[PDB]
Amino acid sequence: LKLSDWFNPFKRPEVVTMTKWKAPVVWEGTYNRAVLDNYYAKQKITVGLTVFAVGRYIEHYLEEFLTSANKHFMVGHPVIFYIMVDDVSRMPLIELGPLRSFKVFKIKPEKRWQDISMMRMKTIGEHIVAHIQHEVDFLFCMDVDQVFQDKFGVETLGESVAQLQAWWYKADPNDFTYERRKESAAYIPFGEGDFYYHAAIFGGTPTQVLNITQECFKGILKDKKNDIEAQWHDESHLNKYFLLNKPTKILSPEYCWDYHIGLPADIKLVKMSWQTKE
């Protein structure tokens, strides 16, 4: 497969379509999903998706997340939803369509919501080693408080995939909300940084996602031993990781849009939107 076979960056000339390290930034209009659908079908790939729903997040977001994912996520390819909840009896078991199946795991609920978010890195890694590495070719790790609005397909696959955060995709790096304290493992000094990635979505092959989660959690543990906590928790760490280990593919803000920003010219077709105003 060649880059030209599926990627046409010139189709969206008003936005960044490729990074300095040659990672394509996938925007609506630049990808050929039909070509990729056929390419991946022939390889018989399976894609996984992890999602955590602890406490009130179960009834507030889980059903809406899964229902939309069933309809829009990697349509036409085998998909396995890995659902981590603290109360399985609470599990809305909706009806899944062709090529969709799931697996539910009961996890321990952390007390602080910040710890719930950060502990996902630990848990995801454990599950990748234990079973995901043997079940899928690519995996996406997502926040539950969002909904798929349109096709989110194979055009998003890659070794390591990062998501451009909706509010800062056009901002100058020094304005990014990176962890700015050198005592933290997530530290990124002013004058450095490529983009501000959203921890709500990231993925790639099981091996790469394992590294992303293992390193982010290591960083999280280190800060805890140094009596400090990154400004934006797992997201600060994720951004530090992607700075040191450049993602091979980046998804435009259309793949994780905040409607509270409105809908500017650059956002042509939203594939997923946030649930909350922050």
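C-alpha atoms forming the largest set that superposes within 1.5 Å between two forms make up the rigid core. Numbering starts at 1 and runs along the sequence shown.
Root-mean-square C-alpha deviation from the shown form, taken over all structures in 6 other deposited structures of this protein superposed by the rigid core, is larger for 108-116 than for the alternative among 128-136 and 108-116.
RMS Cα deviation from the shown model in 6 other deposited structures of this protein, rigid core fit, is larger for 117-125 than for the other stretch of the pair 117-125 / 92-100.
Averaged over CA atoms, B-factors in the entry run higher in 40-48 than in the other of 66-74 and 40-48. Comparing the deposited coordinates for 197-205 and 184-192, the stretch with the larger average C-alpha B-factor is 184-192. Annotation for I94, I132, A162, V144: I94 ranks highest, by Cα B-factor.
The entry assigns its greatest Cα B factor, within the set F81, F138, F148, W168, to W168. For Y57, the recorded CA B-factor ranks within the highest third of the chain. Only modelled residues enter the ranking. Among all modelled residues in its chain, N174 ranks in the highest third by Cα B-factor. Among the modelled residues of the chain, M119 sits in the middle third by CA temperature factor in this PDB entry. Among the modelled residues of its chain, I220 has a C-alpha B-factor that falls in the middle third according to the deposited record. In the deposited entry, the Cα temperature factor of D87 places it in the highest third of its chain's modelled residues.
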